[PDB]
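Report on the structure given below.
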Amino acid sequence: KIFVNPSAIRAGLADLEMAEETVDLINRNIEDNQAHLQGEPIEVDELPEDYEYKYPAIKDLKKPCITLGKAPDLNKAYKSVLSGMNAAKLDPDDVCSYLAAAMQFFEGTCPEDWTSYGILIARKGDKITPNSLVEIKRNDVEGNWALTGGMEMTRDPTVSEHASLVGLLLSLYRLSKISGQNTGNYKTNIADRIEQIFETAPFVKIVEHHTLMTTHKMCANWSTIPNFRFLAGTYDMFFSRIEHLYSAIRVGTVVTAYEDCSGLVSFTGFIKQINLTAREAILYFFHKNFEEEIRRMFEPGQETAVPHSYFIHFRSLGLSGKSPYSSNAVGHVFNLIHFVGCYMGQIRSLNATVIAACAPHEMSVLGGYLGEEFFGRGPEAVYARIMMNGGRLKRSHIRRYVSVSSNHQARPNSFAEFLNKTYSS
C-alpha cells in the first residue's frame, strides 16, 4: 500500500532520460559556484540555509525580456547611483536602468557555439556581452537620476569604476537574499569580502568601508524586485560562460544559479553523496508518492543536462514563477533526503525546513532504513527489512535519530525539531 517493491519501482520508472548527465552537470556547476559563494575562507556549518507547476522551457524562440526606462548618459547615471550608494538612498528603477546600460562594457569571445531552447545566443568566436543573452526593451520615460548631495565629481568615471559599481550594486542582490534570524555576522563577513573584491585591481575603490552594509540595510528586499533579479541572473549567466577581467562580479550573482531548485539540487547532491547512479538510487525510493516527483524532476525538454542553458537561471530570468524543482514541489524526496541526512548527523539537514505536507513521518521511517543502509544490502534487502519489521522503525533507528536531534540546537520548523517532537517528547 504505502511502500512499493523495487521491482515495481524499476518497472514504473523505466521511462527516464538524461538522469546521469543532469546529475553530473548540476553537481559540477555547484562545486564551481563554491568559489564565488564559499570563496570566503570562513565556513561555519551553522550558517544560513538554502499547486500547479510551470516548466521553464522557452517554446517560441524569444529571449528572456524586461522593460526599463530611457537609456541614460552613463557618466551622469554613474554619479547619481554612486551618490545614492554613499547615502544609502538608491532608486531601484535607476539602478536597473544603469546596470542594463552598463552591460555594454562587458565584452568577451564565445568559446563555443551557444544555443539554448532553440535560441542561438552566439557562434564560436563571436564577440558577446550580457546583452546577447536577453532583450532589454526601453521606453521614453527618463529616470530620476537624483544627486544625493555628497557627489563632488566633475570628471567622468573610468570603465574600472563602472565595473566596481556594477559589482557592488549586484552584490546587494546576494545580501538581500540572505535572510533569517542570526545572520548578522554572516552578512557582515560576506559584505567585507565583497568590498575587498571590488576595491582590488582590476576593480577600484569607489566607496569607503562599511558603505555596502549601510546601503543594504535600506535595500533589504531587493532580491524580489523582478527587474533587479533578472539583471543579476543575466550577469551571472554571462560570467558563467565567458571568462572575463571582471568575472568576480559573480560573488554577488552566483546565488541566482539553480534558484528555486532546492529539491532537484538536493536530489543530485544526495545521489553524489551515496556514490550511486540516479538509476540505482531511485530504486531505494519505495514510497508510492516518489514516482510522480521523480518524473516531475526529469521532465524532458528542459535542458537540465545542457551546459550554460537558460535553465540554470530560469527563475531569475522569469521563465517560470512556479518551479517544479523546488523543495515543496518534490517534498517527499526532499524530506527523505534530509531525514537520511539527520540520521547521518549532517547539520545542514538538521537545520533544513520540513515540508509538512509531504508525509514527514513516513519519510522519517524510510529515512531511518536508508540511513542505516548508507551509513557505511541493496534495494530488495532494505524493502524486505521494512516488511519484516511491519513498516515500523527499529528501536536502533529511533535511538540514533534521538541521539542526533536531542543534542542539536533545533531551529523552528526544522528536521531536528520534528525529530525531537516525534521521538523525544
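Nothing in this text is a laboratory measurement; each read-out follows from the coordinates by a stated rule. Cβ placement follows ideal geometry from the backbone for every residue including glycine, while neighbour counts extend to all protein chains displayed.
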* **DSSP beta bridges in the chain [antiparallel fraction, %, rounded to 5]** => 65
* Tell me, what is the FRET efficiency for residue 107 and residue 214 to the nearest 0.05, using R0 = 35 angstrom and their Cβ-Cβ distance as r? -> 0.60
* So what's the gap between the Cα centers of the stretch 141-182 and the stretch 281-357, to the nearest angstrom? -> 35
* Structure fact -> Taking a straight Cα-to-Cα line shorter than 22 Å from residue 288, and setting aside same-chain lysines fewer than 8 residues away, one finds 1, 394
* **Low-density loop cleavage sites - GluC sites (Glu not before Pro) in the stretch 210-296, where at most 11 other Cβ are within 10 Å (DSSP)** => 243
* **residue 292 versus residue 42: modelled label distance in nm, points set 7 Å from Cα along the beta carbon direction** => 4.4
* Given 0.36 nm per residue, what is the gain on full extension from residue 193 to residue 123 after removing their alpha carbon distance, in nm? -> 21.6 nm
* **15 Å beta-carbon shell around residue 65, net charge (K/R +1, D/E -1)** => +4
* Structure fact -> For the table 79/205; 62/124; 70/127; 59/322; 63/137, the rows whose alpha-carbon distance is greater than 19 Å are 62/124; 70/127
* To do: Counting only C-alpha contacts under 8 Å and six or more residues apart, can you give the relative contact order of the stretch 65-256 as a whole percent?
  => 28
* To do: Kindly write out, for the stretch 85-96 in residue order, the coupling ³J(HN,Hα) from the Karplus curve 6.51 cos²θ - 1.76 cosθ + 1.60 (θ = phi - 60°), rounded to whole Hz, with x marking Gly and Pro.
  => 4, 5, 9, 6, 9, 10, 8, x, 4, 4, 4, 4
* Just flag the chymotrypsin sites (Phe, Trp or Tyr not before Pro) in the stretch 235-292 sitting in loop per DSSP whose Cβ has no more than 12 other Cβ atoms within 10 Å. => none
* What nm distance separates the two modelled labels at residue 18 and residue 181, each placed 7 Å from Cα along Cα→Cβ? -> 4.2
* To do: Enumerate by residue number the trypsin sites (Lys or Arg not before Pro) in the stretch 160-225 meeting two conditions: DSSP loop (anything except H, G, I, E, B), and at most 15 other Cβ atoms within 10 Å of the site's Cβ.
  => 205
* To do: Please report, to two decimal places, log10 I(q)/I(0) for the stretch 65-256 at q = 0.13 Å⁻¹ as given by the Debye formula with identical point scatterers on the Cα atoms and no solvent.
  => -0.66
